[PDB]
>>> print(open('work_26.txt').read())   # compact mmCIF, C-alpha atoms
# COMPACT_ATOMS: atom_id res chain seq x y z
CA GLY D 1 -5.19 6.81 -5.41
CA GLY D 2 -3.07 3.75 -4.91
CA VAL D 3 -0.96 1.35 -6.92
CA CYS D 4 -3.11 -1.35 -8.41
CA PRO D 5 -2.85 -3.36 -11.64
CA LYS D 6 -6.63 -3.41 -11.86
CA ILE D 7 -7.69 0.15 -11.11
CA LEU D 8 -11.30 -0.67 -11.43
CA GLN D 9 -12.38 -3.86 -9.88
CA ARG D 10 -15.41 -4.89 -7.92
CA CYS D 11 -14.67 -6.74 -4.75
CA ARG D 12 -15.80 -9.84 -3.02
CA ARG D 13 -13.57 -9.12 -0.09
CA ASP D 14 -10.57 -6.93 0.58
CA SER D 15 -8.09 -9.68 -0.19
CA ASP D 16 -9.65 -10.03 -3.65
CA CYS D 17 -8.46 -6.55 -4.48
CA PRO D 18 -4.93 -6.40 -5.97
CA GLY D 19 -2.13 -4.06 -4.94
CA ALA D 20 -3.05 -1.37 -2.43
CA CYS D 21 -6.70 -1.63 -3.41
CA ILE D 22 -9.07 -2.10 -0.55
CA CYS D 23 -12.65 -3.21 -0.70
CA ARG D 24 -15.14 -0.46 -0.04
CA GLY D 25 -18.74 -0.68 1.10
CA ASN D 26 -20.02 0.09 -2.35
CA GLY D 27 -18.41 -3.12 -3.52
CA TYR D 28 -15.49 -1.59 -5.36
CA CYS D 29 -11.81 -1.79 -4.90
CA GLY D 30 -11.58 1.82 -3.86
CA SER D 31 -8.00 2.68 -2.92
CA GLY D 32 -6.62 1.93 -6.39
CA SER D 33 -9.29 3.88 -8.18
CA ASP D 34 -8.94 6.63 -5.59
>>> encode(input="work_26.txt", output="structure tokens")
Amino acid sequence: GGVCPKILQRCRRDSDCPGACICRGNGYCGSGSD
């Protein structure tokens, strides 16, 4: 639950996630999908 262009992205690091998306431990950009 957050504004992201890519709502489903895997992450290398947090800064690789676009918008409000943060990198989670599972390796996904969680915040956008959440």
>>> residues_around(input="work_26.txt", residues="stretch 14-26 of chain D", least_positions_apart="6", cutoff="7 Å", atoms="only C-alpha atoms", output="ChimeraX atom specification")
/D:2-6,32
>>> residues_near_point(input="work_26.txt", point="(-15.8, -2.5, -9.5)", cutoff="7 Å", atoms="all atoms listed in the file", output="CSV table (one decimal) with C-alpha atoms, keeping the file's coordinate frame")
chain,number,residue,atom,x,y,z
D,8,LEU,CA,-11.3,-0.7,-11.4
D,9,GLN,CA,-12.4,-3.9,-9.9
D,10,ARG,CA,-15.4,-4.9,-7.9
D,11,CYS,CA,-14.7,-6.7,-4.8
D,27,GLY,CA,-18.4,-3.1,-3.5
D,28,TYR,CA,-15.5,-1.6,-5.4
D,29,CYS,CA,-11.8,-1.8,-4.9
>>> residues_around(input="work_26.txt", residues="residue D:1", least_positions_apart="5", cutoff="6 Å", atoms="all atoms listed in the file", output="PyMOL selection string")
chain D and resi 31-34
